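Q: This one's experimental. Sequence and coordinates below.
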Amino acid sequence: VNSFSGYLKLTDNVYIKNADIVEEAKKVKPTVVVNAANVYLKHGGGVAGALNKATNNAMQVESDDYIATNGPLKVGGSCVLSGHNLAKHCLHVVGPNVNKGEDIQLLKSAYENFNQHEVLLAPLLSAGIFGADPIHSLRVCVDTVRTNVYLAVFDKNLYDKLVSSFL
């Protein structure tokens, strides 16, 4: 049993809810929240901007030190950093950004990072301002992640379309 409430069950391991991931993280304090990161960990907008704002910019300060030491992530890669006030850990995962011309085949590699964690609160990778089709992102998630993933979908309209169209 875990603390996640109000989710629709899509598969054995994947759950979905219309929720603001920031407000969901603040309520649950999950072990892992996933950030929709870029390779520079520049948390300007989208999910990343919202998560970082909720940490009062402490996520960005920690991230800048990580990049100064390690250099940029790979598209499809990840790093584990603090979850600050939102979670124990934040898994920063880089899905391909279609609005920068990155290979959508890298979305499966991105989701494979989730398999290193038994339970996660996450957004749909490469959705929103990363430009991918969220229906596709949900299909790759279901077909790639084997650990237990609780997906937060901010937009009610999109949530209802994801559920209604789910095979």
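A: Yes, it's here. Numbering: from 1, shown residues only.

Q: So for stretch 19-29, what gets flagged as buried?
A: 19, 21, 22, 24, 25, 28 (16 or more other C-beta atoms under 10 Å). (Each C-beta comes from the backbone N, C-alpha and C, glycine too.)

Q: Stretch 153-167 now?
A: Neighbour-count burial for stretch 153-167 [16+ other C-beta under 10 Å]: 153, 154, 158, 159, 162.

Q: do the same with stretch 28-41
A: 28, 30, 31, 32, 33, 34, 35, 36, 37, 38, 39, 41.

Q: contacting residues around the closest residue to the third one other than its chain neighbours?
A: For residue 31, ignoring the flanking residues on the chain, the nearest one in space by C-beta to C-beta, 6 or more residues apart in numbering is residue 88 at 4.9 Å. Residues in contact with residue 88, defined by C-beta atoms under 8 Å, 6 or more residues apart in numbering, are 29, 30, 31, 32.

Q: Can you add distance to residue 83 and secondary structure and give those back as a markdown table?
A: Listed next are the contacts of residue 88 as a markdown table, based on distance: C-beta to C-beta, whole Å; DSSP: H, G, I helix; E, B strand; the rest coil:
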| residue | distance to residue 83 | secondary structure |
| --- | --- | --- |
| 29 | 8 | coil |
| 30 | 8 | coil |
| 31 | 8 | coil |
| 32 | 7 | strand |
